[PDB]
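Colleague: One structure coming up, written as C-alpha cells, with questions to follow.
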Amino acid sequence: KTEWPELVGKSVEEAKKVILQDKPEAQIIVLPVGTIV
Amino acid sequence: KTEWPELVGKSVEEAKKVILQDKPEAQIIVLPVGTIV
Amino acid sequence: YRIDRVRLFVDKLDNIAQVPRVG
Amino acid sequence: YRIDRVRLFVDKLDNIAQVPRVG
C-alpha cells in the first residue's frame, strides 16, 4: 500500500494511526500544503 | 561520513546528538523544508 | 524516493489536504 | 559547499524531513 486516499480531510493524529497500522516502519513527515520537496 | 539517512523522521535533538558523535566539528543549521539555500 | 517515508501535507487546521503517498 | 556544516531540513513538528548531508 502506497497511498491513503481515505485520509483526505482527517486530522494528523488519525492519519498517523492509520498509516502506522498499515505501514509500521513509516517515517511520518508533516508539512504545510504547497511546501516544495 | 557525509550523509545521515537513519535520521529521517527523528527529532532535531536526536539528529544533533548523532551528528556531533559522528562529526564533532559539525555546525548544525536547522531550516524548514523548502527553504532556498 | 524513500520507501519508508510518508509525507502528510496539511492545511491551516492541521487536517490532511492531499492524498498521502509513500516517497 | 562547506564541509563542516550540516543542514537539517525540518517539518512542522521539527522532525527531520530529508536526509541530512554535509555542505
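Note that we place each Cβ from the backbone using ideal geometry, even for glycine, and neighbour counts take in every protein chain shown. Read-outs: derived from the displayed coordinates by stated rules, not from any lab.
Colleague: How many Cβ atoms of partner chains, on average, are near each residue of B:3-14 if near means within 10 Å of its Cβ? Write out the running numbers ahead of the final one.
Modeller: Values: counts 6, 7, 6, 3, 8, 11, 13, 5, 6, 6, 1, 2.
Average neighbour count from other chains, rounded to a whole number: 6.
Colleague: Now, a different point. What is the Cα convex hull volume of the protein assembly as shown when expressed per residue in Å³? Each step should come with its number before you reach the end.
Modeller: Numbers: hull volume 12.3 nm³, N = 120.
Cα convex hull per residue, to the nearest whole number: 103 Å³.
Colleague: Tell me, what ³J(HN,Hα) does each residue in segment B:7-16 have, in order and in whole Hz, if you take phi through Karplus 6.51 cos²θ - 1.76 cosθ + 1.60 with θ = phi - 60° and put x for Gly and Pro?
Modeller: 8, 4, x, 6, 6, 4, 4, 6, 4, 4
Colleague: Then there's this: Considering only DSSP beta bridges with both partners in the protein assembly as shown, what is the antiparallel share in %, to the nearest 5? Don't skip to the answer; put the middle values down first.
Modeller: Working: 10 of 22 bridges.
Beta bridges within the protein assembly as shown, antiparallel portion: roughly 45 percent.
Colleague: Tell me which residues come under 5 Å, amide H to amide H, from C:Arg2 once H is placed; ignore anything under 5 positions away on its chain.
Modeller: Residues meeting the criterion, in which the H sits 1.01 Å from N, are C:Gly23.
Colleague: Count the net charge of all other residues whose Cβ sits under 13 Å from the Cβ of A:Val18, scoring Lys and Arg as +1 and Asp and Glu as -1.
Modeller: Working: positive: A:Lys1, A:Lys10, A:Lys16, A:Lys17, A:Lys23; negative: A:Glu3, A:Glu6, A:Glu13, A:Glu14, A:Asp22.
Surrounding charge for A:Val18 is 0.
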